[PDB]
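Before any questions on how it binds or moves, here is one chain, the form deposited without the partner chain, in structure tokens.
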């Protein structure tokens, strides 16, 4: 083998968890240490639907697929999905698939994160809201994950890969 190379570019507001997402997926450990500007890309060889793939993951601060990320406990990062990130991706690339990724899923039911938001008059983003935002930006998929617990983490990348190996008919 022979593997297919796929380039995936990850974008989203500062502090939404892009770097921790990529490290947690590729090394299988959530980082408890500082991660320099040194590393701006990560890699993983993965089997998806019986196919060996080299997934190249670019951490931003000729993509085959974009991940646009917002934190499930930051309404401001969610609004920027449509106000900033969707337009910036589409200017450069009109057709490349976008996956919309809600991060920090472990906090969406967290009592103290819920309270903290509540005292600024805010609330976590819900699954239906996220799904509606994916439709609004024409994302091929909406996924939620925690880098910390790894809940939903593999699916993000499997679906980024499927987006490339299996484009829609129309």
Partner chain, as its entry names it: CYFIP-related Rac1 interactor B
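Positions refer to the first chain, counted from 1. We call the rigid core whatever largest set of C-alpha positions still superposes within 1.5 Å between the two forms.
Unshown form solved in complex with the partner chain; subsequent notes refer to it.
Taking the partner from the other structure, the partner chain in the bound PDB entry has a heavy atom within 4.5 Å of a heavy atom of residue 54.
Heavy atoms of residue 123 never reach within 4.5 Å of the partner chain in the bound PDB entry, leaving it off the interface. Although the partner is absent here, residue 129 sits far enough away that none of its heavy atoms falls within 4.5 Å of the partner chain in the bound PDB entry. In the bound PDB entry, the partner chain lies farther than 4.5 Å from every heavy atom of residue 142.
Applying a 4.5 Å heavy atom cutoff to the partner chain in the bound PDB entry picks out 37, 39, 40, 41, 42, 43, 44, 45 from 37-52, in order along the sequence. Rigid-core fit between this form and the one not shown: of 35, 44, 114, 47, the one residue whose Cα shifts 2 angstroms or more is 35. Note on residue 34 and residue 17: their C-alpha atoms are nearer in the bound PDB entry, a change of at least 3 Å from this conformation. Relative to this form, residue 38 and residue 101 approach one another in the bound PDB entry, with their C-alpha atoms ending up at least 3 Å closer.
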